[PDB]
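Asker: Take this structure first; my questions come after.
Number of protein chains: 2
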Amino acid sequence: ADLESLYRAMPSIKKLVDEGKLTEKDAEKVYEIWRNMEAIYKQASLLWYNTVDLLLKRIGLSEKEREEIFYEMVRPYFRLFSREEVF
Amino acid sequence: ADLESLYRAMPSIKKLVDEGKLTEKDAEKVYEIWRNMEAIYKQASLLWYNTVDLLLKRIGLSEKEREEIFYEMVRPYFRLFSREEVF
């Protein structure tokens, strides 16, 4: 049910496999990374809830207002950083 | 030059300080979190470049085609995870 979940989430990978360009073994690797990515990005929310969220709650901001500030903080980060930026 | 950079990037935080709701020390904490948050999104890009990007390179995909696949993989993660998801 792994690859099934993957192909649904990522039609591009399903296509590559159907096209014979990626093997099923390859697709299993991609699945692992897909799941791994969730764990990394979840860090951002965990950090948020234990730092700035608490500060904003303390000064009375509503849920919606606090969420808006989060997106203001991280929206520019919603991208694939270039190799030069990370390497 | 810290707080000035933060204020340019986060008008909402500048406003809260100007309104007297957030102290300057408060803003100093926000700066650090703002900076730290970037590393999380970089870590995800690093995993990409070291795994799936290599696979797709081998099979001949272009830089644009590979980038499209990255966004297909991670777009659902570009959000604030709920407290129930993380805790």
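Order-wise, the sequence lines are chains A and B.
Residues 1 to 87 in the working numbering are what the first sequence lists, from first letter to last.
Residues 101 to 187 in the working numbering are what the second sequence lists, from first letter to last.
Each residue gets a CB set at the ideal place from its N, CA and C atoms; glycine is no exception.
Does the beta-carbon of B:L154 have 16 or more other beta-carbons within 10 angstroms, so that it is buried, or is it exposed?
Answerer: Exposed is the call here.
Asker: Answer yes if the region 17-35 of chain A comes into contact with the region 124-132 of chain B, meaning at least three C-beta pairs across the two stretches below 8 Å, and no otherwise.
Answerer: Segments in contact, no.
Asker: Are the beta-carbon atoms of A:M37 and B:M173 separated by less than 8 Å?
Answerer: Contact flag set, yes.
Asker: Just the C-alpha distance for B:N150 and B:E168, rounded to the nearest angstrom, thanks.
Answerer: Whole-angstrom Cα-Cα distance: 17 Å.
Asker: State the DSSP-derived secondary structure class of B:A101, mapped to helix, strand or coil.
Answerer: B:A101 falls in the coil class under three-state DSSP.
Asker: Just to confirm, are B:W134 and B:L106 a CB contact at a threshold of 8 Å?
Answerer: Yes; because the gap between Cβ atoms is below 8 Å, this pair is in contact.
Asker: Start and end of the alpha helix (DSSP H) containing A:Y41?
Answerer: From DSSP, the alpha helix (DSSP H) with A:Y41 extends over 24-49.
Asker: Within a Cβ cutoff of 8 Å, which residues of the same chain sit near A:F78, ignoring the five residues on either side of it in sequence?
Answerer: Cβ neighbours of A:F78 beyond the five flanking positions: none.
Asker: Could you give the distance in angstroms between the alpha-carbon of B:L146 and the alpha-carbon of B:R166?
Answerer: Distance between the alpha carbons of B:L146 and B:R166: 14 Å.
Asker: Could you tell me whether any Cβ in chain B is nearer than 8 Å to the Cβ of A:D18?
Answerer: So no, A:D18 is outside the interface.
Asker: Looking at A:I13: is its Cβ nearer than 8 Å to the Cβ of B:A144?
Answerer: Cβ atoms of A:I13 and B:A144: not closer than 8 Å.
Asker: How should A:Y31 be labelled, buried or exposed, when 16 other C-beta atoms within 10 angstroms of its C-beta is the threshold for buried?
Answerer: Its Cβ being crowded by 16 or more others within 10 Å, A:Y31 is buried.
Asker: Is A:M73 helix, strand or coil by DSSP?
Answerer: It is helical.
Asker: Can you pull out the residues from the region 172-186 of chain B whose beta carbon lies closer than 9 Å to at least one beta carbon of chain A?
Answerer: Answer in chain order: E172, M173, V174, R175, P176, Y177, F178, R179, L180, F181, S182, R183, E185, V186.
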